[PDB]
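A quick write-up on the structure given underneath.
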Protein chains: 4
Amino acid sequence: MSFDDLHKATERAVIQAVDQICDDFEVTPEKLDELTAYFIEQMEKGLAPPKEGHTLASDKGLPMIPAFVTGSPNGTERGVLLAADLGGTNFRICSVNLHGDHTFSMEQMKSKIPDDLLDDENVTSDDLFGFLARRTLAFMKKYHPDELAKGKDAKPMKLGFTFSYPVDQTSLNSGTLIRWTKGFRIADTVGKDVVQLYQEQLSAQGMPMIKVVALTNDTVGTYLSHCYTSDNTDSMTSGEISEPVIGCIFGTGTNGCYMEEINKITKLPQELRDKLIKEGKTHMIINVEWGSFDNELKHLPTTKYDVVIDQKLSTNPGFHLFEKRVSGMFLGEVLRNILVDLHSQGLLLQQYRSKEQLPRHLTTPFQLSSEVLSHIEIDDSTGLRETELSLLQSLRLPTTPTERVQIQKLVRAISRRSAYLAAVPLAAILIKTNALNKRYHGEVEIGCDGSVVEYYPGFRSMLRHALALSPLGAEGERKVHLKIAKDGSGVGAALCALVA
Amino acid sequence: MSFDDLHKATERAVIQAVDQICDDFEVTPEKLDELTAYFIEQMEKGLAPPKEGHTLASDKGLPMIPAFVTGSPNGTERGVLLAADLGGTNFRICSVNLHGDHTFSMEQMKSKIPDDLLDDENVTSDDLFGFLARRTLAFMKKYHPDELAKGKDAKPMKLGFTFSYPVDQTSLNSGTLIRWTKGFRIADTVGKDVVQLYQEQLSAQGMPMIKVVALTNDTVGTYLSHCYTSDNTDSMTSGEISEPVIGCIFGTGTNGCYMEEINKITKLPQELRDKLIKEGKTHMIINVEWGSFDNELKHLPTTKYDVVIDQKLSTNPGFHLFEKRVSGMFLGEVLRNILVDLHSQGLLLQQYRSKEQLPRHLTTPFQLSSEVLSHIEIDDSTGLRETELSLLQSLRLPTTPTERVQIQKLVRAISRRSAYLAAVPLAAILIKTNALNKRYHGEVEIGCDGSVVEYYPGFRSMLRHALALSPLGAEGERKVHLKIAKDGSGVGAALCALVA
Amino acid sequence: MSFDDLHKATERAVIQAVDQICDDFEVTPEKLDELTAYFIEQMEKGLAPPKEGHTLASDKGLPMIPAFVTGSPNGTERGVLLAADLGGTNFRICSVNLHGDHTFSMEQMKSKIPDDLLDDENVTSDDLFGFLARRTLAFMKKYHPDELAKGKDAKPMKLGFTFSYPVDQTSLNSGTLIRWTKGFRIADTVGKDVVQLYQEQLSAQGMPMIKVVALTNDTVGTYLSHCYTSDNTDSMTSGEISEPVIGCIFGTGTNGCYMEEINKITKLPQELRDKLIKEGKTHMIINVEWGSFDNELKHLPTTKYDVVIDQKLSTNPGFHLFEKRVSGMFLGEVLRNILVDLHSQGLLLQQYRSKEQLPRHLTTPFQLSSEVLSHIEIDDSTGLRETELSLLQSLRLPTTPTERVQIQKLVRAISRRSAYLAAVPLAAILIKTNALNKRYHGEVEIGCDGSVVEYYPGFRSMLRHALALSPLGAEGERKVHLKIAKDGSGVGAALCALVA
Amino acid sequence: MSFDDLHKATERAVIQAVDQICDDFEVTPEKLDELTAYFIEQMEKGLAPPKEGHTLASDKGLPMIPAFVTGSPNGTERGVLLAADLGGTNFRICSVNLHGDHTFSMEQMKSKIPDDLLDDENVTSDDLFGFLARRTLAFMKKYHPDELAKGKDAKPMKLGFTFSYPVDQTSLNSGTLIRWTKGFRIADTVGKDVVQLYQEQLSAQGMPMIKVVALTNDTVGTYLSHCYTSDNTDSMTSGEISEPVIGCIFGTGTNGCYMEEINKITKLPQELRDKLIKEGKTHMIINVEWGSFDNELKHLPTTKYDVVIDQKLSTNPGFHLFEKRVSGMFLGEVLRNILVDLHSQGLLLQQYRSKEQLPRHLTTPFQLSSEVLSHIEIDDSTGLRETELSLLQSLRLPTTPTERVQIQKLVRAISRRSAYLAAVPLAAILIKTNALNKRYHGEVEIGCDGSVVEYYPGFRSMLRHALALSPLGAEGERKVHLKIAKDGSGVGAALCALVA
Ligand SMILES: Nc1ncnc2c1ncn2[C@@H]1O[C@H](COP(=O)(O)OP(=O)(O)OP(=O)(O)O)[C@@H](O)[C@H]1O
Ligand SMILES: OC[C@H]1O[C@H](O)[C@H](O)[C@@H](O)[C@@H]1O
Ligand SMILES: [Mg+2]
Ligand SMILES: [Mg+2]
Ligand SMILES: [Mg+2]
Ligand SMILES: [Mg+2]
């Protein structure tokens with residue numbers, strides 16, 4: 001045994017731990033099927049009246065929100081509307097000029113949500129909504145300075161507001177916050193009317209001229225934006241015309257929505273179901289809180305790393321268990337926990353004696369962005385050798401050549417687990433509504449927004465693969481196109497405000 | 001307001017524009033009566049000597065041509081004669097074997113008039129007449145190759161020549177072109193002898209053996225052909241025997257002719273009226289240039305779409321205003337202008353941003369054939385849903401379901417306007433000559449040739465209806481039969497050549 | 001037995017004959033597989049050196065032409081070039097402004113090929129090429145009148161010439177006509193240089209300024225045009241990037257071409273293969289004369305109606321047997337022969353006593369356009385009842401209600417036979433070159449031009465179905481997109497002239 | 001010429017433009033020498049009294065600031081002090097426990113400077129300093145919550161304040177802002193006392209307990225931190241003991257400072273020079289505003305891209321010309337301007353028709369971070385092929401394979417130009433003070449902080465190379481070590497506060 005043979009014995013120990021992790025992470029079709037079936041069962045429960053002791057702030061299971069849109073655009077909608085979009089790492093304000101030909105011209109200003117609003121439980125509703133109103137002034141000064149200069153007399157501006165949190169919507173115009181998720185801890189807005197808080201701050205800042213017309217989700221805005229764009233009006237002689245079914249968000253969090261029959265939403269008051277069916281409003285866009293799927297954990301492929309994020313690092317433990325396996329914030333956090341744990345086992349970061357000596361950004365939660373993971377996974381031979389080091393050097397964590405390949409294997413296992421689980425709600429929705437066979441012919445479109453699905457170098461293809469593996473089978477995959485709703489939330493909110 | 005309600009609001013706007021057009025197009029009996037009366041007044045003027053400053057190339061009003069036929073056949077005429085027929089979208093050569101029993105056996109060769117002769121003002125008389133002579137050689141090679149092989153010694157062939165243009169006829173044998181109409185722009189034949197140009201080209205091509213015997217119109221040939229065929233010799237005990245009164249053309253253009261008393265044609269030289277009355281030639285077949293009726297526009301139900309065709313798209317602006325409302329070329333063009341105008345209003349072709357993006361065949365004049373209109377109008381429920389799309393797809397213009405019904409309404413309004421106006425000259429002629437009461441009993445026949453009246457799925461019945469609405473009343477309609485002179489122009493020219 | 005029961009007994013006899021025909025026409029997967037395999041065998045033979053006694057004018061089998069393009073565009077090509085396109089029912093001249101962004105702006109003039117050039121064996125090379133030169137003058141007068149006015153001094157204009165006939169190409173600049181097909185009988189151009197004849201006539205007409213730069217086929221132009229347009233440059237993170245493989249023509253005739261490895265074309269001189277491989281010219285676009293597939297008839301599903309067209313009605317008996325089953329000219333002719341034969345059997349046109357009394361346009365060959373078939377097939381319930389009559393009325397053939405449904409069944413059987421046979425060459429080409437598996441991922445595009453594939457209300461979907469039935473299987477169909485190369489031949493020739 | 005040959009001709013055009021740019025960017029030793037010599041001349045002028053008409057807000061040339069530190073640490077300094085650090089993309093607060101053994105334990109909180117303070121001229125002193133005070137409260141709540149809870153009675157906290165802007169320092173305790181640079185436009189703080197504004201806001205927010213003890217630069221803090229750490233106390237028998245000479249910042253901006261003899265600072269009042277020399281204070285740490293070197297542009301290798309940044313995009317045109325060639329903000333901006341200009345020339349982004357169609361983040365200034373450049377440059381073969389696309393995809397700019405290599409060449413040319421120019425001030429300082437020969441033996445240390453020097457995968461080695469190329473020669477490079485002052489500004493300010 002030379003030093004090189006002794007080193008190989010160590011490398012084999014490292015490899016076994018990494019392979020064990022990779023196998024714990026991979027989703028096998030058997031679980032993909034248990035999950036699709038369970039997802040559908042929870043979807044039916046999510047439409048049902050609550051039992052005694054249940055509420056929305058505390059529910060568990062897979063709740064659904066009956067957003068009152070009740071239809072979809074065809075691209076002919078026209079007009080200029082404002083849109084606000086809150087809830088990722090950032091906030092955006094758009095001015096969307098809908099042209100009536102399946103396109104729009106969008107102006108945009110965007111900013112990061114300041115950490116003053118995210119790291120402290122003592123942050124109030126006035127700090128968050130005061131922020132949004134100040135950014136709204138900045139937007140108006142750049143794109144519509146005249147309306148701002150002429151307000152209060154200039155009027156109205158119609159604004160749609162996308163707010164990416166579960167909202168107990170009662171009307172397209174308004175609803176209340178059910179809970180904060182995804183990084184916000186601002187407790188005094190839970191139960192309050194989201195539009196009311198924003199609208200009051202807009203007036204407080206000098207813009208009584210801007211009226212918030214509609215409150216929507218990101219999933220809904222995405223679906224509607226997707227519907228507005230492309231064509232879906234081809235010739236009936238081209239042989240097949242597609243239809244939008246499902247909207248997705250794969251960003252800091254994960255969600256989607258779909259068109260559903262109004263007569264099946266048993267929790268909606270019957271009087272409202274009757275009022276709407278009488279006008280031909282046979283369908284609603286339902287926000288399925290995918291993130292909450294299996295919060296009780298009867299089927300998801302949970303490992304110890306997911307337990308740690310959910311119980312110790314997350315802002316809302318016990319909720320949004322699906323997101324913790326799928327969305328961008330947790331793809332990042334899962335790798336960080338693995339690297340720290342393989343430090344403790346003495347397998348990767350062998351040079352440190354012990355955890356307290358690790359780089360501070362490695363031990364601090366959420367400092368490993370899914371952006372680094374994107375580069376870690378795409379890197380091929382020379383990327384892995386040289387760039388993987390640069391990518392982790394930016395997290396102050398220098399590594400060896402052999403360590404870098406082991407880290408890449410962990411990253412691919414993490415993103416694969418997510419991409420396959422991410423297919424569960426798409427298969428489950430298409431199957432529940434029989435989207436694939438409600439019509440003899442016509443393709444199924446899924447309009448997905450969010451930076452993980454748009455940029456992660458692997459999701460577009462891994463979802464298609466996973467859909468084929470799920471109960472949809474190859475035949476279902478053949479009907480189903482994953483398209484990107486790039487301007488997704490912005491256009492969607494503008495359309496919601498147009499609808500009012 | 002859901003997307004579906006917003007879409008209905010748009011559909012209502014579309015409908016209002018289409019209904020406004022349909023109402024502008026419909027001819028009400030009040031105008032049908034003003035027009036019948038005006039038509040008769042212009043017919044009397046059309047027989048009168050001209051005033052100083054008037055000529056035939058430039059006249060206005062409703063000119064008539066005193067074709068020198070002076071009588072009608074009874075079906076006993078026999079012999080084999082050639083016939084040439086120029087002036088629609090095509091040209092035909094026939095060899096008609098008249099059998100003497102109200103029937104004939106017709107051989108035919110036909111060809112399209114090449115665009116080389118239609119789209120350029122620099123086309124000469126030698127190109128048009130050279131064309132006719134070359135097609136004549138082709139005809140002879142197929143049906144009478146022996147006469148061609150034996151010519152110059154084989155002789156004579158007698159040919160009748162139907163030339164569908166106003167001709168200043170001086171004798172059945174010849175006359176000059178008054179103007180070009182209906183698509184021809186060959187200026188150097190205006191004022192020239194039509195037979196002379198054709199006869200010279202026949203010799204130039206090697207056929208000195210063929211003599212053009214008679215020059216006729218299509219209206220005249222149709223009347224005579226109609227008279228030749230059926231019976232009109234039934235028993236006097238069958239209770240009632242009919243007589244031919246009016247011939248019609250409803251093809252690329254529109255015209256007709258009728259039998260008139262020679263003593264009323266005040267512009268004909270008196271010496272000629274005397275020469276003919278002395279031989280019992282009490283009547284002449286008069287070509288009424290229906291197409292020119294109301295060229296000055298005092299009564300026709302003119303809309304902006306007709307103004308555009310007459311001033312911008314037509315080959316002879318200011319003339320043939322009636323045809324522009326009635327004939328096949330303009331049924332086609334009127335729809336095209338409406339669709340382009342409803343594009344500009346944002347009502348039908350809503351997907352284009354603006355006119356320059358429309359299919360090139362939609363913006364190009366005369367590319368919308370009345371043939372497409374025929375199918376657009378006949379289509380019932382499933383035809384409208386599926387075939388209307390195919391019909392416009394052939395014009396490269398894909399449409400929506402709701403657009404297709406709106407287009408069909410416009411098409412029916414266009415063909416109805418034409419069919420009712422088309423009744424004006426038939427009512428006006430029968431009334432002026434008192435065809436309905438010159439005899440106690442005996443039916444009135446109108447022998448109409450032309451593809452619009454023969455195939456358009458609506459003219460046969462719409463004219464009968466319109467005749468009943470006009471001053472003829474139901475009582476006049478009861479005397480009047482619309483029959484189709486199917487082999488119309490061919491037989492007619494053969495008879496004209498037989499007459500010489 | 002009442003009259004109605006006796007009539008049903010007759011209808012059953014009619015139905016049996018129609019069903020027998022429909023079954024003779026349907027292509028079963030077993031034959032679709034024999035044909036794909038045979039097509040591939042003949043394709044290999046088509047690349048081989050000839051045997052003694054063989055030439056190109058007379059070959060039989062499935063010849064291929066090694067067009068010297070040797071590559072494909074990526075959309076960045078820019079410049080303004082002229083293009084001429086001869087050989088369908090018409091001729092087109094374009095001026096194509098290539099912009100370098102996968103789009104172009106095309107100006108166009110088009111005209112029908114006059115019958116003077118099609119119905120007579122005594123037509124010479126000077127009449128056909130004189131025609132093309134005259135239409136070229138007309139084009140220049142409308143789009144580039146200044147170049148024409150300034151020529152001879154203004155120069156050069158670069159023109160690509162698409163000539164849809166087999167051409168024994170020796171260089172992209174020129175080659176000779178192998179045979180006339182598809183309606184032309186002009187024997188004295190066979191064996192002559194196609195460009196030389198056109199170029200001389202352009203000078204004869206006054207345009208020494210226009211140089212014909214490249215001679216191409218329609219199949220080649222279509223492939224290149226298809227390649228030029230869309231993108232095929234998406235992100236490698238979108239998950240899959242497509243590549244053009246096969247170009248198609250489904251118009252008056254049928255053909256296609258594909259990219260092939262130069263080292264496999266064994267008949268090309270080795271010295272030329274070496275000259276080209278040394279510059280990286282690893283592939284050529286090969287015109288596969290699909291029309292000639294199985295001219296000897298060992299596998300095609302031939303019936304008596306196809307025998308009649310090939311031996312009695314066609315301009316080139318014994319050749320282009322595949323086209324006679326597939327292309328637009330013969331979809332039309334096959335129905336006509338069936339209707340005449342069912343007249344002779346006393347089943348459809350029961351009112352005539354015998355063939356000589358049938359409408360002359362029914363007994364005359366090629367008067368039944370595939371355009372009528374398009375409408376006959378698309379028509380649903382009310383279309384069949386009312387429009388089928390109008391469509392055949394335009395062929396002067398009035399029918400009964402029961403006759404109309406029987407005719408529609410025959411039409412669908414005819415177009416299905418064609419659509420399935422039409423898939424044979426696409427499956428055969430993709431399989432021979434392993435287009436489906438030469439790369440792990442990336443879609444396969446087929447760029448098809450021609451009015452049958454673009455407008456016939458059934459081909460887009462019937463080909464996709466047939467491809468799945470053929471040896472490609474569903475898995476091959478999943479890679480394969482049928483797209484329409486709408487401006488196909490025009491752009492292609494402009495690119496060929498750009499290439500020179 | 002095949003499509004592939006035509007494409008190569010285009011690629012050659014692209015390459016020539018890229019090579020021309022690369023050659024314009026490369027710094028040749030001849031200029032490196034002109035610049036070193038000029039830098040020294042301007043350094044002498046920078047110590048001189050001003051001429052009439054000169055001030056500090058407007059100076060030009062290379063000003064120096066005589067920070068009143070007057071000495072350096074040896075690692076024995078002990079105590080716990082707070083430190084604030086403002087002025088990059090972010091702001092940091094530290095609590096540094098100096099231990100007296102060349103090490104310290106640092107606690108840290110950091111946040112991004114909100115855009116509310118950077119994009120608007122109407123931002124006031126109260127918004128910037130209010131921000132710093134609020135972040136200070138957050139820091140105290142996490143690391144010293146007891147002092148905050150006990151204040152006002154708990155006291156004092158001693159805070160050092162690093163403020164990375166030129167400051168007209170009069171005492172280590174305070175000075176005024178000379179100008180804003182590097183992204184700030186807050187005009188009403190220019191001329192005001194920097195400590196006074198911060199100190200007042202700390203009291204306003206509830207922390208009268210924290211006293212700002214010292215105001216320093218980042219360059220000074222870095223030098224002192226560097227001096228505090230390692231050893232520099234080795235045995236005199238180890239053969240050679242090093243000494244710190246120069247501190248550097250290579251972050252969003254670029255600067256450094258060095259120890260200089262007090263008797264040479266001719267602009268300092270003589271009375272102050274005498275007061276200090278009498279106590280043995282023979283040296284001062286002088287901030288050399290490297291960024292301002294050659295603001296008048298007599299020697300820097302200026303190209304058109306640098307002119308655009310300086311005159312159109314920068315917050316302070318005419319100043320800090322050296323930084324615009326060297327620092328992280330402009331490495332980013334220079335590439336962006338090149339890519340847009342090569343779009344205009346039609347060489348890289350060939351698919352767009354024109355600038356208005358480019359991705360909005362490409363045309364927006366400063367959206368291309370030097371972070372992307374880091375990855376673009378490090379990428380080797382497979383990194384360039386796949387990751388370069390991901391890196392630009394994050395700027396919404398998809399590219400081709402050939403485009404990616406051309407972009408990488410531009411990036412390496414940009415970072416090389418910077419790295420070589422970046423050596424000018426280090427060579428110039430060591431040469432001016434004869435750091436290399438003031439002692440027979442002992443190494444020269446340069447302590448550089450800042451993320452470009454710490455992470456850019458190329459600076460550590462390119463500076464060493466450039467130093468050898470400059471007048472220092474290989475012999476000077478052999479004395480000179482580039483080390484990283486990682487905790488640099490934080491420790492430095494804590495030491496400045498310890499010094500008071
Ligand atoms: N290129 C990338 N590769 C991988 N992950 C990325 C990339 N860019 C952003 N992300 C992830 O996406 C998150 C931002 O999500 P996104 O841009 O979709 O905003 P969002 O719509 O506001 O999110 P949400 O809708 O859930 O609130 C980041 O925190 C990071 O985790
Ligand atoms: O137009 C389609 C095809 O028609 C004929 O079959 C020709 O042989 C062929 O070269 C051409 O491409
Ligand atoms: Mg979002
Ligand atoms: Mg006629
Ligand atoms: Mg063609
Ligand atoms: Mg700094």
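We name chains A, B, ... following the order of the structure tokens; residues begin at 1 in each chain, and ligands are numbered from 1 as shown.
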Env of residue 385 of chain D: 10 Å cut, atoms = only C-alpha atoms, seq-sep filter 2 positions within chain, self excluded. Answer as a tab-separated table (two decimals) with C-alpha atoms, in the first residue's frame.
chain	number	residue	atom	x	y	z
A	379	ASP	CA	-20.29	21.65	-16.55
A	380	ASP	CA	-18.72	19.00	-18.65
A	383	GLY	CA	-15.91	22.89	-16.73
D	379	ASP	CA	-13.98	28.45	-19.20
D	380	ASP	CA	-11.93	26.01	-21.12
D	381	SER	CA	-13.07	23.81	-24.05
D	382	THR	CA	-16.34	22.38	-22.72
D	383	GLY	CA	-17.02	25.34	-20.52
D	387	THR	CA	-21.47	27.27	-19.98
D	388	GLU	CA	-20.76	30.33	-21.95
D	389	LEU	CA	-24.25	29.87	-23.30
D	390	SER	CA	-25.71	29.51	-19.81
D	400	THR	CA	-24.07	30.37	-31.49
D	401	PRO	CA	-20.85	28.18	-31.03
D	402	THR	CA	-18.76	30.43	-33.05
D	404	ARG	CA	-19.13	32.09	-28.00
D	405	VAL	CA	-15.47	31.71	-28.86
Please build the interface table for chain D against ligand 1 with a cut-off of 12 Å, listing for each qualifying residue the nearest atom pair and the distance in Å to one decimal; count only C-alpha atoms and all ligand atoms, order rows by chain and increasing number, and write it as a Markdown table.
| residue | atom | partner | partner_atom_place_in_ligand_line | distance |
| --- | --- | --- | --- | --- |
| D:372 | CA | ligand 1 | 1 (N) | 11.6 |
| D:387 | CA | ligand 1 | 1 (N) | 10.9 |
| D:389 | CA | ligand 1 | 1 (N) | 10.9 |
| D:390 | CA | ligand 1 | 1 (N) | 7.3 |
| D:391 | CA | ligand 1 | 1 (N) | 7.9 |
| D:392 | CA | ligand 1 | 1 (N) | 9.7 |
| D:393 | CA | ligand 1 | 1 (N) | 7.7 |
| D:394 | CA | ligand 1 | 1 (N) | 5.6 |
| D:395 | CA | ligand 1 | 1 (N) | 9.3 |
| D:396 | CA | ligand 1 | 1 (N) | 10.1 |
key: Selection: 9 Å around residue 73 of chain B, only C-alpha atoms, excl. self and same-chain fewer than 5 positions, as an NGL selection string   = :B and (224-225 or 227-229 or 495)
key: Expected answer as a PyMOL selection string: chain B residues within 9 Å of chain A, only C-alpha atoms   = chain B and resi 1-4+6-7+350-353+386+389-390+393+398-400
query = Residues at most 7 Å from ligand 2, using only C-alpha atoms and all ligand atoms? Could they come as a PyMOL selection string?
reply = chain C and resi 87-88+164-166+181-182+217-219+249+251-256+289+291+320+323
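What separates atom CA of residue 154 of chain C from atom CA of residue 115 of chain B is a distance of 27.9 Å.
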key: Residue list (strand (DSSP E), DSSP) for segment 77-178 of chain D, as a PyMOL selection string   = chain D and resi 78-86+90-99+104-112+157-163+167-171+174-177
ask   = Counting only C-alpha atoms, what is within 7 Å of segment 55-61 of chain A, bar same-chain residues fewer than 3 positions away, as a list in words?
value =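 Final neighbour list, sorted by chain and number: residues 42, 178, 179, 292, 293, 294, 295 and 296 of chain A.
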Would you save the residues from that selection as a compact mmCIF listing (two decimals), in the first residue's frame, using N, CA, C and O atoms?
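Below you can see result.txt, which holds the result:
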# COMPACT_ATOMS: atom_id res chain seq x y z
N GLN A 42 -55.49 13.97 -3.08
CA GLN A 42 -55.48 15.18 -2.30
C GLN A 42 -56.12 16.31 -3.09
O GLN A 42 -56.66 17.22 -2.47
N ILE A 178 -53.32 34.06 3.45
CA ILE A 178 -53.55 32.89 4.28
C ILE A 178 -52.41 32.64 5.23
O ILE A 178 -52.61 32.31 6.40
N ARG A 179 -51.20 32.74 4.72
CA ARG A 179 -49.99 32.53 5.49
C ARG A 179 -48.86 33.14 4.74
O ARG A 179 -48.93 33.25 3.52
N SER A 292 -47.72 22.45 -1.22
CA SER A 292 -48.27 21.80 -0.06
C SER A 292 -48.54 20.33 -0.24
O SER A 292 -48.97 19.65 0.70
N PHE A 293 -48.36 19.83 -1.44
CA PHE A 293 -48.66 18.44 -1.67
C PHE A 293 -47.93 17.57 -0.73
O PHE A 293 -46.72 17.68 -0.54
N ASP A 294 -48.67 16.67 -0.13
CA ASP A 294 -48.14 15.74 0.82
C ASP A 294 -47.38 16.39 1.97
O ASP A 294 -46.35 15.88 2.41
N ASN A 295 -47.93 17.45 2.58
CA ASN A 295 -47.30 18.08 3.75
C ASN A 295 -47.16 17.11 4.91
O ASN A 295 -46.25 17.23 5.72
N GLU A 296 -48.07 16.16 5.01
CA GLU A 296 -48.06 15.17 6.07
C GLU A 296 -47.01 14.06 5.84
O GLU A 296 -46.78 13.22 6.72
key: Residues within 12 Å of residue 460 of chain D, only C-alpha atoms, excluding chain neighbours under 5 positions, as an MDAnalysis selection string   = chainID D and resid 250 415:416 419:420 422:423 446:449 451:455 465:467 481:484
request  = as a ChimeraX atom specification, list the residues of segment 314-491 of chain D assigned to helix (DSSP H, G or I) by DSSP on the backbone atoms of this structure.
outcome  = /D:323-326,328-344,355-357,360-363,370-378,381-393,401-421,424-432,451-455,459-469,473-477,488-491
message = What's around residue 111 of chain C at 7 Å? Count only C-alpha atoms, leave out sequence neighbours fewer than 6 positions away in its own chain, and write the answer as a list in words.
response =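 In the requested format, the answer is residues 90, 91 and 92 of chain C.
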task = Name the residues in contact with residue 177 of chain A at a cut-off of 6 Å, using only C-alpha atoms, excluding same-chain residues fewer than 4 positions from it; report them as a list in words.
result =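 Final neighbour list, sorted by chain and number: residues 167, 190, 191 and 192 of chain A.
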Resulting file, chosen residues, N, CA and C atoms, as a PDB file, in the first residue's frame:
ATOM      1  N   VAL A 167     -53.762  33.088  -1.309  1.00  0.00           N
ATOM      2  CA  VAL A 167     -54.718  34.126  -0.989  1.00  0.00           C
ATOM      3  C   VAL A 167     -56.126  33.618  -0.978  1.00  0.00           C
ATOM      4  N   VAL A 190     -51.095  38.580   7.998  1.00  0.00           N
ATOM      5  CA  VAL A 190     -51.801  37.344   7.753  1.00  0.00           C
ATOM      6  C   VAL A 190     -53.235  37.580   8.175  1.00  0.00           C
ATOM      7  N   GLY A 191     -54.172  37.276   7.291  1.00  0.00           N
ATOM      8  CA  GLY A 191     -55.568  37.517   7.565  1.00  0.00           C
ATOM      9  C   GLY A 191     -56.034  38.874   7.043  1.00  0.00           C
ATOM     10  N   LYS A 192     -55.114  39.723   6.586  1.00  0.00           N
ATOM     11  CA  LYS A 192     -55.522  41.021   6.083  1.00  0.00           C
ATOM     12  C   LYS A 192     -55.680  41.036   4.592  1.00  0.00           C
TER      13      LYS A 192
END
task = For atom CA of residue 348 of chain B and atom CA of residue 18 of chain B, determine how far apart the two atoms are, in Å to one decimal place.
result =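 These two atoms are separated by 9.7 Å.
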query = Quick one: of C:172, C:497, C:157, C:202, who's nearest to residue 133 of chain C, counting only C-alpha atoms?
reply =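 Between C:172, C:497, C:157, C:202, the residue approaching residue 133 of chain C most closely is C:202.
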